[PDB]
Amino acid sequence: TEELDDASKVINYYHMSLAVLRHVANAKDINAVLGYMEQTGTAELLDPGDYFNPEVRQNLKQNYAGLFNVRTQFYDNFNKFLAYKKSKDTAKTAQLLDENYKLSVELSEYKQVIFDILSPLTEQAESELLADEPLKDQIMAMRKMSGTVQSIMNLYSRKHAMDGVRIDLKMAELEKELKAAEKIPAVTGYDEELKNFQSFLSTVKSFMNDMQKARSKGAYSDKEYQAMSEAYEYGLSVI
């Protein structure tokens, strides 16, 4: 079938995006650089094909261009900062840190816009490829919650600019998805899969308790981010 191949090209595009974005726009790498600056003493593989409509292709291209542009500015400013720090130029180093704070948020937003574009498309493709799967509803629910968790972590990961209000909106979205998932009817002959689905739900509630606490501090913490990224990496995996 033509639609099945198109649906698998949407999934593969998402996987490639997730791999590239995890390598070039990783919050831990960006926040480590910002941390250093505070111390007082080829991407043509992502060209989207016609399995996406023209608006979607243009949105992806513009957001990836923006992402790489703000990433280059960020690391250029960091290398300029290292030269200025040696030159004892306190005025210029402060300006570059101020610029790199704004650029780190822009980089995070571009990454979020790319995931926002792909999320309903990957969802539609998965619904087609899993049409004959007895646990379609369970798989779909976990995939969507994993995406919502990843969006919350992205919003939290913004060192010097933790976005509380957007975290809260995404937590309400996650709570709504969780209550719907808890109502998914069990399928006979899949008790092993059901136990691991129930463990997924329990891990989401744990994540939510940890994120409520982290978010209540009103600011990004390297300690909270490292703890939560380690605790939920494998359990709430967005692959």
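Quick note: we count residues from 1 along the sequence shown, nothing fancier.
Gap between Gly41 and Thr42: 10 or more deposited residues without coordinates. Note on 201 to 209 vs 22 to 30: mean CA B-factor is higher in 22 to 30.
Note on 122 to 130 vs 142 to 150: mean CA B-factor is higher in 122 to 130. Which of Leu174, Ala214, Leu67, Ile184 has the largest Cα B-factor in the deposited entry comes down to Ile184. When the C-alpha B factors of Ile117, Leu107, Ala91, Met162 are read from the deposited coordinates, the top value falls at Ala91.
Sort the modelled residues of the chain by CA B factor and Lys136 lands in the middle third.
Ranked by Cα temperature factor within the chain, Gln62 sits in the middle third according to the deposited record. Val56: CA B factor lies in the lowest third for its chain, per the PDB record.
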